[PDB]
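Engineer: Just so it is clear, I am handing over model.json, which has JSON, N, CA and C atoms.
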```json
[["chain", "number", "residue", "atom", "x", "y", "z"],
["A", 1, "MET", "N", 7.19, -13.84, 19.35],
["A", 1, "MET", "CA", 8.47, -13.41, 18.72],
["A", 1, "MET", "C", 9.13, -12.33, 19.59],
["A", 2, "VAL", "N", 8.47, -11.99, 20.70],
["A", 2, "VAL", "CA", 8.99, -10.97, 21.62],
["A", 2, "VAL", "C", 10.19, -11.52, 22.39],
["A", 3, "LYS", "N", 11.40, -11.25, 21.88],
["A", 3, "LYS", "CA", 12.64, -11.72, 22.52],
["A", 3, "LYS", "C", 13.10, -10.70, 23.57],
["A", 4, "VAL", "N", 12.28, -10.50, 24.60],
["A", 4, "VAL", "CA", 12.61, -9.54, 25.66],
["A", 4, "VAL", "C", 13.81, -10.05, 26.45],
["A", 5, "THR", "N", 14.74, -9.14, 26.77],
["A", 5, "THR", "CA", 15.95, -9.48, 27.53],
["A", 5, "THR", "C", 15.76, -9.10, 28.99],
["A", 6, "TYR", "N", 16.58, -9.69, 29.87],
["A", 6, "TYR", "CA", 16.50, -9.41, 31.30],
["A", 6, "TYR", "C", 17.72, -9.99, 32.01],
["A", 7, "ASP", "N", 18.91, -9.60, 31.54],
["A", 7, "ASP", "CA", 20.18, -10.08, 32.11],
["A", 7, "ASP", "C", 21.26, -9.02, 31.94],
["A", 8, "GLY", "N", 21.26, -8.02, 32.84],
["A", 8, "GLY", "CA", 22.24, -6.94, 32.81],
["A", 8, "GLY", "C", 23.51, -7.37, 33.53],
["A", 9, "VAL", "N", 24.20, -6.40, 34.15],
["A", 9, "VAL", "CA", 25.44, -6.66, 34.91],
["A", 9, "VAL", "C", 25.30, -6.05, 36.31],
["A", 10, "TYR", "N", 25.69, -6.81, 37.34],
["A", 10, "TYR", "CA", 25.57, -6.34, 38.73],
["A", 10, "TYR", "C", 26.86, -5.60, 39.12],
["A", 11, "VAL", "N", 26.73, -4.61, 40.02],
["A", 11, "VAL", "CA", 27.88, -3.82, 40.51],
["A", 11, "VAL", "C", 28.33, -4.39, 41.86],
["A", 12, "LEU", "N", 29.63, -4.68, 41.99],
["A", 12, "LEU", "CA", 30.19, -5.23, 43.23],
["A", 12, "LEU", "C", 30.32, -4.14, 44.30],
["A", 13, "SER", "N", 30.74, -2.94, 43.86],
["A", 13, "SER", "CA", 30.93, -1.82, 44.79],
["A", 13, "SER", "C", 31.11, -0.49, 44.04],
["A", 14, "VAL", "N", 30.89, 0.61, 44.77],
["A", 14, "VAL", "CA", 31.04, 1.98, 44.23],
["A", 14, "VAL", "C", 31.86, 2.82, 45.21],
["A", 15, "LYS", "N", 33.04, 3.27, 44.78],
["A", 15, "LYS", "CA", 33.91, 4.09, 45.62],
["A", 15, "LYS", "C", 33.31, 5.50, 45.72],
["A", 16, "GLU", "N", 32.72, 5.81, 46.88],
["A", 16, "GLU", "CA", 32.07, 7.11, 47.10],
["A", 16, "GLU", "C", 33.09, 8.26, 47.07],
["A", 17, "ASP", "N", 33.70, 8.46, 45.91],
["A", 17, "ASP", "CA", 34.69, 9.52, 45.70],
["A", 17, "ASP", "C", 35.09, 9.51, 44.22],
["A", 18, "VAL", "N", 34.09, 9.42, 43.33],
["A", 18, "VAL", "CA", 34.32, 9.36, 41.86],
["A", 18, "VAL", "C", 33.11, 9.99, 41.12],
["A", 19, "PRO", "N", 33.23, 10.40, 39.86],
["A", 19, "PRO", "CA", 32.06, 10.97, 39.10],
["A", 19, "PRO", "C", 30.78, 10.11, 39.25],
["A", 20, "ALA", "N", 30.95, 8.79, 39.36],
["A", 20, "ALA", "CA", 29.81, 7.87, 39.50],
["A", 20, "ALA", "C", 29.05, 8.12, 40.81],
["A", 21, "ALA", "N", 29.72, 8.71, 41.79],
["A", 21, "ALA", "CA", 29.11, 8.97, 43.08],
["A", 21, "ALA", "C", 27.93, 9.95, 42.95],
["A", 22, "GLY", "N", 26.77, 9.52, 43.43],
["A", 22, "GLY", "CA", 25.54, 10.33, 43.38],
["A", 22, "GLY", "C", 24.69, 10.01, 42.15],
["A", 23, "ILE", "N", 25.26, 9.22, 41.22],
["A", 23, "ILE", "CA", 24.56, 8.83, 39.97],
["A", 23, "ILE", "C", 24.29, 7.32, 39.96],
["A", 24, "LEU", "N", 25.35, 6.54, 40.22],
["A", 24, "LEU", "CA", 25.27, 5.06, 40.25],
["A", 24, "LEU", "C", 25.51, 4.58, 41.68],
["A", 25, "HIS", "N", 24.87, 3.46, 42.04],
["A", 25, "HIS", "CA", 24.98, 2.87, 43.38],
["A", 25, "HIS", "C", 25.06, 1.35, 43.28],
["A", 26, "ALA", "N", 25.67, 0.73, 44.29],
["A", 26, "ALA", "CA", 25.82, -0.72, 44.32],
["A", 26, "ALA", "C", 24.45, -1.42, 44.23],
["A", 27, "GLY", "N", 24.39, -2.51, 43.46],
["A", 27, "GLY", "CA", 23.15, -3.28, 43.27],
["A", 27, "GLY", "C", 22.41, -2.83, 42.02],
["A", 28, "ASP", "N", 22.90, -1.76, 41.38],
["A", 28, "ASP", "CA", 22.28, -1.25, 40.15],
["A", 28, "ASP", "C", 22.62, -2.17, 38.98],
["A", 29, "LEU", "N", 21.73, -2.25, 37.98],
["A", 29, "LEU", "CA", 21.95, -3.10, 36.79],
["A", 29, "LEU", "C", 21.95, -2.24, 35.53],
["A", 30, "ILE", "N", 23.06, -2.25, 34.78],
["A", 30, "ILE", "CA", 23.17, -1.46, 33.55],
["A", 30, "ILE", "C", 22.66, -2.32, 32.39],
["A", 31, "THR", "N", 21.84, -1.74, 31.52],
["A", 31, "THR", "CA", 21.25, -2.47, 30.38],
["A", 31, "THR", "C", 22.04, -2.24, 29.11],
["A", 32, "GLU", "N", 22.33, -0.97, 28.80],
["A", 32, "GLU", "CA", 23.05, -0.62, 27.58],
["A", 32, "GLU", "C", 23.81, 0.71, 27.73],
["A", 33, "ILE", "N", 24.81, 0.93, 26.87],
["A", 33, "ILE", "CA", 25.61, 2.16, 26.89],
["A", 33, "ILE", "C", 25.78, 2.62, 25.44],
["A", 34, "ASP", "N", 25.49, 3.90, 25.14],
["A", 34, "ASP", "CA", 25.64, 4.44, 23.78],
["A", 34, "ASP", "C", 25.15, 3.48, 22.68],
["A", 35, "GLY", "N", 24.31, 2.51, 23.06],
["A", 35, "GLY", "CA", 23.77, 1.55, 22.10],
["A", 35, "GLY", "C", 24.86, 0.60, 21.60],
["A", 36, "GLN", "N", 26.06, 0.71, 22.20],
["A", 36, "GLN", "CA", 27.20, -0.14, 21.81],
["A", 36, "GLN", "C", 27.17, -1.46, 22.58],
["A", 37, "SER", "N", 27.38, -2.57, 21.86],
["A", 37, "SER", "CA", 27.38, -3.91, 22.44],
["A", 37, "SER", "C", 28.23, -4.83, 21.58],
["A", 38, "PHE", "N", 28.72, -5.92, 22.18],
["A", 38, "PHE", "CA", 29.56, -6.90, 21.48],
["A", 38, "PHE", "C", 29.33, -8.30, 22.05],
["A", 39, "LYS", "N", 28.90, -8.37, 23.32],
["A", 39, "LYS", "CA", 28.62, -9.66, 23.96],
["A", 39, "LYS", "C", 27.85, -9.45, 25.29],
["A", 40, "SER", "N", 28.52, -9.68, 26.43],
["A", 40, "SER", "CA", 27.92, -9.56, 27.78],
["A", 40, "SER", "C", 28.50, -8.34, 28.51],
["A", 41, "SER", "N", 28.73, -8.48, 29.82],
["A", 41, "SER", "CA", 29.29, -7.38, 30.62],
["A", 41, "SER", "C", 30.62, -6.92, 30.03],
["A", 42, "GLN", "N", 31.44, -7.87, 29.59],
["A", 42, "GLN", "CA", 32.75, -7.57, 29.00],
["A", 42, "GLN", "C", 32.60, -6.56, 27.85],
["A", 43, "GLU", "N", 31.45, -6.58, 27.19],
["A", 43, "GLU", "CA", 31.20, -5.66, 26.07],
["A", 43, "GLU", "C", 31.32, -4.21, 26.54],
["A", 44, "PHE", "N", 30.90, -3.95, 27.78],
["A", 44, "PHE", "CA", 30.96, -2.60, 28.33],
["A", 44, "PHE", "C", 32.40, -2.19, 28.55],
["A", 45, "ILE", "N", 33.18, -3.07, 29.17],
["A", 45, "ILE", "CA", 34.59, -2.78, 29.46],
["A", 45, "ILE", "C", 35.28, -2.35, 28.16],
["A", 46, "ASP", "N", 34.82, -2.90, 27.04],
["A", 46, "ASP", "CA", 35.40, -2.58, 25.73],
["A", 46, "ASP", "C", 35.06, -1.16, 25.30],
["A", 47, "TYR", "N", 33.83, -0.71, 25.59],
["A", 47, "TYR", "CA", 33.40, 0.64, 25.21],
["A", 47, "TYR", "C", 34.18, 1.72, 25.99],
["A", 48, "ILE", "N", 34.20, 1.59, 27.31],
["A", 48, "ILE", "CA", 34.88, 2.58, 28.17],
["A", 48, "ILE", "C", 36.38, 2.58, 27.85],
["A", 49, "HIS", "N", 36.88, 1.45, 27.34],
["A", 49, "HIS", "CA", 38.30, 1.31, 27.00],
["A", 49, "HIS", "C", 38.56, 1.72, 25.54],
["A", 50, "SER", "N", 37.53, 1.68, 24.70],
["A", 50, "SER", "CA", 37.68, 2.02, 23.27],
["A", 50, "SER", "C", 37.64, 3.54, 23.06],
["A", 51, "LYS", "N", 37.21, 4.28, 24.08],
["A", 51, "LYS", "CA", 37.13, 5.75, 24.00],
["A", 51, "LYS", "C", 38.40, 6.37, 24.59],
["A", 52, "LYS", "N", 38.37, 7.70, 24.79],
["A", 52, "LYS", "CA", 39.52, 8.47, 25.30],
["A", 52, "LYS", "C", 39.08, 9.38, 26.46],
["A", 53, "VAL", "N", 40.05, 9.79, 27.27],
["A", 53, "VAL", "CA", 39.78, 10.66, 28.43],
["A", 53, "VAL", "C", 39.27, 12.02, 27.96],
["A", 54, "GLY", "N", 38.29, 12.57, 28.69],
["A", 54, "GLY", "CA", 37.70, 13.88, 28.36],
["A", 54, "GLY", "C", 36.46, 13.72, 27.50],
["A", 55, "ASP", "N", 36.26, 12.51, 26.98],
["A", 55, "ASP", "CA", 35.09, 12.22, 26.14],
["A", 55, "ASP", "C", 33.83, 12.27, 26.99],
["A", 56, "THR", "N", 32.73, 11.73, 26.45],
["A", 56, "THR", "CA", 31.44, 11.68, 27.16],
["A", 56, "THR", "C", 30.77, 10.34, 26.87],
["A", 57, "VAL", "N", 29.91, 9.88, 27.79],
["A", 57, "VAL", "CA", 29.21, 8.59, 27.64],
["A", 57, "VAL", "C", 27.76, 8.70, 28.12],
["A", 58, "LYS", "N", 26.91, 7.82, 27.57],
["A", 58, "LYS", "CA", 25.50, 7.73, 27.94],
["A", 58, "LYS", "C", 25.23, 6.31, 28.44],
["A", 59, "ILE", "N", 24.94, 6.18, 29.74],
["A", 59, "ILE", "CA", 24.69, 4.87, 30.37],
["A", 59, "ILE", "C", 23.17, 4.66, 30.49],
["A", 60, "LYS", "N", 22.72, 3.43, 30.20],
["A", 60, "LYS", "CA", 21.30, 3.05, 30.33],
["A", 60, "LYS", "C", 21.23, 2.08, 31.49],
["A", 61, "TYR", "N", 20.58, 2.47, 32.59],
["A", 61, "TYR", "CA", 20.49, 1.60, 33.77],
["A", 61, "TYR", "C", 19.19, 1.88, 34.51],
["A", 62, "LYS", "N", 18.72, 0.91, 35.30],
["A", 62, "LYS", "CA", 17.47, 1.05, 36.06],
["A", 62, "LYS", "C", 17.72, 0.76, 37.54],
["A", 63, "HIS", "N", 17.49, 1.75, 38.40],
["A", 63, "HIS", "CA", 17.68, 1.58, 39.85],
["A", 63, "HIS", "C", 16.37, 1.08, 40.43],
["A", 64, "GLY", "N", 16.29, -0.22, 40.71],
["A", 64, "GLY", "CA", 15.06, -0.82, 41.25],
["A", 64, "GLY", "C", 14.06, -1.16, 40.13],
["A", 65, "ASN", "N", 12.93, -0.44, 40.09],
["A", 65, "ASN", "CA", 11.87, -0.67, 39.07],
["A", 65, "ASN", "C", 11.71, 0.54, 38.14],
["A", 66, "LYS", "N", 12.48, 1.62, 38.38],
["A", 66, "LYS", "CA", 12.40, 2.85, 37.56],
["A", 66, "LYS", "C", 13.62, 2.97, 36.62],
["A", 67, "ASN", "N", 13.36, 3.30, 35.35],
["A", 67, "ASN", "CA", 14.42, 3.45, 34.35],
["A", 67, "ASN", "C", 15.02, 4.85, 34.44],
["A", 68, "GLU", "N", 16.33, 4.90, 34.73],
["A", 68, "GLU", "CA", 17.08, 6.16, 34.86],
["A", 68, "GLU", "C", 18.21, 6.21, 33.84],
["A", 69, "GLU", "N", 18.61, 7.42, 33.44],
["A", 69, "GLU", "CA", 19.69, 7.62, 32.46],
["A", 69, "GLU", "C", 20.55, 8.80, 32.90],
["A", 70, "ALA", "N", 21.87, 8.60, 32.85],
["A", 70, "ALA", "CA", 22.82, 9.64, 33.24],
["A", 70, "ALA", "C", 24.09, 9.53, 32.40],
["A", 71, "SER", "N", 24.75, 10.67, 32.23],
["A", 71, "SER", "CA", 26.01, 10.76, 31.46],
["A", 71, "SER", "C", 27.06, 11.41, 32.35],
["A", 72, "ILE", "N", 28.28, 10.85, 32.32],
["A", 72, "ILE", "CA", 29.42, 11.35, 33.14],
["A", 72, "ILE", "C", 30.64, 11.58, 32.26],
["A", 73, "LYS", "N", 31.48, 12.55, 32.63],
["A", 73, "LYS", "CA", 32.69, 12.85, 31.88],
["A", 73, "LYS", "C", 33.75, 11.81, 32.25],
["A", 74, "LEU", "N", 34.45, 11.30, 31.24],
["A", 74, "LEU", "CA", 35.46, 10.28, 31.46],
["A", 74, "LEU", "C", 36.64, 10.84, 32.25],
["A", 75, "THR", "N", 37.26, 9.98, 33.07],
["A", 75, "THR", "CA", 38.41, 10.36, 33.90],
["A", 75, "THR", "C", 39.42, 9.21, 33.92],
["A", 76, "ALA", "N", 40.67, 9.53, 34.28],
["A", 76, "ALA", "CA", 41.73, 8.52, 34.38],
["A", 76, "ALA", "C", 41.59, 7.78, 35.71],
["A", 77, "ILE", "N", 41.62, 6.44, 35.65],
["A", 77, "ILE", "CA", 41.48, 5.58, 36.84],
["A", 77, "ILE", "C", 42.78, 4.82, 37.11],
["A", 78, "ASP", "N", 43.27, 4.13, 36.08],
["A", 78, "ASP", "CA", 44.49, 3.31, 36.19],
["A", 78, "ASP", "C", 45.70, 4.06, 35.64],
["A", 79, "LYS", "N", 46.88, 3.59, 36.02],
["A", 79, "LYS", "CA", 48.14, 4.19, 35.60],
["A", 79, "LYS", "C", 48.22, 4.39, 34.08],
["A", 80, "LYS", "N", 47.58, 3.50, 33.32],
["A", 80, "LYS", "CA", 47.59, 3.56, 31.86],
["A", 80, "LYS", "C", 46.57, 4.60, 31.35],
["A", 81, "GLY", "N", 46.05, 5.42, 32.25],
["A", 81, "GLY", "CA", 45.08, 6.45, 31.86],
["A", 81, "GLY", "C", 43.91, 5.86, 31.07],
["A", 82, "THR", "N", 43.31, 4.78, 31.59],
["A", 82, "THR", "CA", 42.19, 4.13, 30.90],
["A", 82, "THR", "C", 40.89, 4.90, 31.19],
["A", 83, "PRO", "N", 40.18, 5.43, 30.20],
["A", 83, "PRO", "CA", 38.90, 6.14, 30.48],
["A", 83, "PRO", "C", 37.87, 5.24, 31.19],
["A", 84, "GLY", "N", 37.23, 5.78, 32.22],
["A", 84, "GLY", "CA", 36.20, 5.03, 32.97],
["A", 84, "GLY", "C", 36.15, 5.44, 34.43],
["A", 85, "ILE", "N", 34.97, 5.28, 35.04],
["A", 85, "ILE", "CA", 34.79, 5.60, 36.46],
["A", 85, "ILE", "C", 35.50, 4.51, 37.28],
["A", 86, "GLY", "N", 35.50, 4.65, 38.62],
["A", 86, "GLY", "CA", 36.16, 3.69, 39.51],
["A", 86, "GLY", "C", 35.15, 2.77, 40.20],
["A", 87, "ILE", "N", 34.82, 1.68, 39.52],
["A", 87, "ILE", "CA", 33.87, 0.68, 40.04],
["A", 87, "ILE", "C", 34.31, -0.73, 39.62],
["A", 88, "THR", "N", 33.71, -1.75, 40.25],
["A", 88, "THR", "CA", 33.99, -3.16, 39.93],
["A", 88, "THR", "C", 32.66, -3.88, 39.68],
["A", 89, "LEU", "N", 32.59, -4.59, 38.55],
["A", 89, "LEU", "CA", 31.41, -5.34, 38.12],
["A", 89, "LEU", "C", 31.58, -6.82, 38.49],
["A", 90, "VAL", "N", 30.46, -7.56, 38.48],
["A", 90, "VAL", "CA", 30.44, -8.99, 38.84],
["A", 90, "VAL", "C", 30.35, -9.84, 37.57],
["A", 91, "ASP", "N", 31.07, -10.96, 37.57],
["A", 91, "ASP", "CA", 31.09, -11.87, 36.43],
["A", 91, "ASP", "C", 31.64, -13.23, 36.87],
["A", 92, "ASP", "N", 30.98, -13.82, 37.86],
["A", 92, "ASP", "CA", 31.38, -15.12, 38.40],
["A", 92, "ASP", "C", 32.82, -15.06, 38.93],
["A", 93, "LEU", "N", 32.98, -15.07, 40.26],
["A", 93, "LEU", "CA", 34.31, -15.00, 40.89],
["A", 93, "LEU", "C", 35.31, -15.97, 40.23],
["A", 94, "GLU", "N", 35.29, -17.24, 40.65],
["A", 94, "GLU", "CA", 36.22, -18.24, 40.09],
["A", 94, "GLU", "C", 37.66, -17.71, 40.12],
["A", 95, "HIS", "N", 38.57, -18.36, 39.39],
["A", 95, "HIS", "CA", 39.98, -17.93, 39.36],
["A", 95, "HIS", "C", 40.20, -16.89, 38.26],
["A", 96, "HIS", "N", 39.29, -16.86, 37.27],
["A", 96, "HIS", "CA", 39.38, -15.90, 36.15],
["A", 96, "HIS", "C", 40.83, -15.75, 35.66],
["A", 97, "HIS", "N", 41.33, -16.76, 34.94],
["A", 97, "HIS", "CA", 42.71, -16.73, 34.44],
["A", 97, "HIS", "C", 42.91, -17.82, 33.38],
["A", 98, "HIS", "N", 42.67, -17.46, 32.12],
["A", 98, "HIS", "CA", 42.84, -18.41, 31.02],
["A", 98, "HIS", "C", 44.31, -18.80, 30.88],
["A", 99, "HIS", "N", 45.19, -17.80, 30.98],
["A", 99, "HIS", "CA", 46.64, -18.04, 30.86],
["A", 99, "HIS", "C", 47.42, -16.79, 31.29],
["A", 100, "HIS", "N", 47.11, -15.66, 30.67],
["A", 100, "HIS", "CA", 47.80, -14.41, 30.99],
["A", 100, "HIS", "C", 47.60, -14.03, 32.46]]
```
I need this file expressed as structure tokens, please.

Structural biologist:
Amino acid sequence: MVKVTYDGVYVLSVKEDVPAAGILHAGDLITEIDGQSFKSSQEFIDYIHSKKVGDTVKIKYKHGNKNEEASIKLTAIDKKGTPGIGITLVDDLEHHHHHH
């Protein structure tokens, strides 16, 4: 009955000039954040977007074989002042365009 999971989200790149610098690195896999979830990797984008700038977050990720945990202060990345660090996650390249 042990439904152990093993499918996080891969990082495409890390801009070495953001709060994430020195904490997160490319190739790292995030497992959970603030215990909040809704589906897959997209679930995370919802959390960082559901909060506000100046807030705080707790990321659960493992670099290699060791489990590490770090928290970073939210900052504005996009023109719309969306809370979140400056990184890009992987989710099957493809054309990614349902309609919009």

Engineer: Neighbourhood query: residues within 6 Å of (25.2, -4.2, 33.6), file coordinates, counting only C-alpha atoms; return as a list in words.

Structural biologist: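 Final list of nearby residues, as requested, is residues 8, 9, 10, 29, 30, 31 and 41 of chain A.
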
Engineer: Using DSSP secondary structure from the backbone, list all strand (DSSP E) positions within chain A, as a list in words.

Structural biologist: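 In chain A, DSSP puts these residues in strand (DSSP E): residues 9, 10, 11, 12, 13, 14, 29, 30, 31, 32, 33, 59, 60, 61, 62, 63, 66, 67, 68, 69, 70, 87, 88 and 89 of chain A.
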
Engineer: Any idea what's packed within 6 Å of region 11-14 of chain A, counting only N, CA and C atoms, ignoring anything in its chain fewer than 3 positions away? Could you give it as a PyMOL selection string?

Structural biologist: chain A and resi 17+26-29+86-90

Engineer: Quote the spacing between atom N of residue 59 (chain A) and CA of residue 3 (chain A) in Å to one decimal place.

Structural biologist: 22.9 Å

Engineer: Find the residues around residue 82 (chain A) up to 7 Å (only N, CA and C atoms counted), leave out those fewer than 5 positions away in its own chain, and share them as a count of residues only.

Structural biologist: 7

Engineer: Name the residues of chain A that come out as helix (DSSP H, G or I) in a backbone DSSP run; write them as a PyMOL selection string.

Structural biologist: chain A and resi 41-50

Engineer: Please compute the atom C of residue 73 (chain A)-atom C of residue 32 (chain A) distance, one decimal, in Å.

Structural biologist: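 Straight-line distance from atom C of residue 73 (chain A) to atom C of residue 32 (chain A) works out to 15.6 Å.
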
Engineer: Between A:7, A:99, A:69, A:24, which one has atoms that come closest to residue 40 (chain A), using only N, CA and C atoms?

Structural biologist: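 So, comparing all the options, the nearest one is A:7.
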
Engineer: Could you check how far atom N of residue 20 (chain A) sits from atom C of residue 97 (chain A), in Å to one decimal?

Structural biologist: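 Rounded to one decimal, the two atoms are 29.8 Å apart.
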
Engineer: With distances taken over all atoms listed in the file, which residue among A:96, A:81, A:34, A:74 lies nearest residue 55 (chain A)?

Structural biologist: A:74

Engineer: With only C-alpha atoms as the basis for distance, which of A:58, A:44, A:80, A:71 is at the shortest distance from residue 19 (chain A)?

Structural biologist: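 The answer is A:71, which sits nearest to residue 19 (chain A).
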